Amino acid sequence: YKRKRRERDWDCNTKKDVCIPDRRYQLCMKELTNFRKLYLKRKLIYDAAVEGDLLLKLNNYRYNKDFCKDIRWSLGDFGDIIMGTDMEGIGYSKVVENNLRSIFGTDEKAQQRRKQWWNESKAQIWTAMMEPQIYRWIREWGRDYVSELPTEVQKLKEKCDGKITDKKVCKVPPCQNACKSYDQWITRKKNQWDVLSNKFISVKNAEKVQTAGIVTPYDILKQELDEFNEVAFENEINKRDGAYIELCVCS
Amino acid sequence: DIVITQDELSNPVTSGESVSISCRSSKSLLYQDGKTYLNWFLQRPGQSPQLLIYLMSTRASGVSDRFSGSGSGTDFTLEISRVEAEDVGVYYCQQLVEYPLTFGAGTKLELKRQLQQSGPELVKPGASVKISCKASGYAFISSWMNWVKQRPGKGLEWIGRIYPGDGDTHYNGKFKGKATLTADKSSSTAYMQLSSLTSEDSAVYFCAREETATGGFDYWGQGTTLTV
């Protein structure tokens, strides 16, 4: 039972260094909370089963790019927990990390064993549902903003339009509430990209990152989607774009 | 200036006897989005206003399911089914089509058988006394603080509203010069300083938090008694 997306946004309050998507919050690890390596592949295969199955029902049983995205981000989230590279750990996702420790060992080399095991298993686990963690979350946040933009602008066009030689954004009570409601969205989206983009730089710079196809937080959305413009994205998120001036500015 | 008027309840209402209060505007309360903007409140005999029904039929959370919001968009009606002794009081409507926000005269009812507002204030004529409204919620920066003027034995007069986030102000034309609407952010406190007092100004004043997302006035204060 995965709640419909855009019913919960990325929460930057729990960990203020990085914002966590709600999809990762609802990641089903329940069996991982209960040689051992082959014993661990089974417990993880159930969680990889339920998860990939529920996300499809969340997708209205449809086969489309949106579904393959939800499987992909959910797949990599598993690796970050199994490798110990997960930045989400809060509540019982800390418990999974501690469970895998006594299973994989805590030794200095044992951090290297986790990667090897997830290197072979990943080709399997992927089928059971049907790159650094921050790099993936910029791909997911990017797909959020592009499908959340036309809705907010649409809800605004209904309540604010027409010269009724001045705009409805002054003297019309319903429109002035609609404009502030837009402010909340574009504010959260701005404060989000603030936190998340720094986590991209604090990783790429502090850890050796061999992927040079993305040197900037902008480059992720540039390779993820087509009609993305670097300039326009800056204006929209700063509320200076040629829309939010024509709606919500009375002068 | 939009006209609003309500009817009077002629006979004392027996408990459980149903009833319907009717509201009539002078203008279509529908909007460009095809939504009828309207509200229905109830003031307990001794309490602050409480929202019941908003956006025509849509019910307010916490309000009993037996209050109906029907309307044709210039003609609206509430409905009290199996009326309760708690509901005895005065009911008001609100219309959002354009400023000023106008609350109707109100309809009586018979029994047949939060926000921190500043304390009372008594000052000479021609004075100015700021009064506060303290909202503990962090929505104070994201909400609309509305101010309301309750004269003794009278309906509601909307003074204006201020949004602490961008510091916007909407002023009722009547009070255009008599109101000073500020807001404290750091302590999340709203302030209203009335200009040089006239004897007419003696009345209780209420603040109403409006969610920027719904837009109903759910949260009201204990009141502020002002005396000349």
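To match Swiss-Prot, the residue numbers of chain A are left as they are there, and the shown ones run 219-252, 267-362, 386-419, 422-508.
Method of determination (from the header): X-ray crystallography, 4.0 Å.
Yeah, the Cβs are placed from backbone N, Cα and C, and that goes for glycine too.
Swiss-Prot records a disulfide bond between A:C505 and A:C436, which is the match among A:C432, A:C436.
For A:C507, the disulfide partner recorded in Swiss-Prot among A:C415, A:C427 is A:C427. Disulfide pairing as given by Swiss-Prot: among A:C300, A:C415, A:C432 connects to A:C415. By the criterion of other Cβ atoms within 10 Å of the residue's own Cβ, the least surrounded of the disulfide-bonded residues A:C415, A:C436, A:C505, A:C507 is A:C507. Taken residue by residue with DSSP, A:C427 (disulfide bond) is part of neither helix nor strand, so it is coil. For the recorded positions A:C230, A:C237, A:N351, a Cα-Cα cutoff of 10 angstroms around A:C505 (disulfide bond) retains nothing. In sequence order, A:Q433, A:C507 are the residues near A:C427 (disulfide bond), counting only same-chain partners six or more apart with C-beta under 8 A.
Just so you know, of the disulfide-bonded residues A:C230, A:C237, A:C432, the Cβ with the fewest other Cβ atoms around it within 10 Å is the one at A:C230. Counting every protein chain shown, 11 other Cβ atoms lie within 10 Å of the Cβ of A:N351 (N-linked glycosylation site). If you take the CA of A:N351 (N-linked glycosylation site) and look 10 A around it, you hit none of the disulfide-bonded residues from A:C237, A:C415, A:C436.
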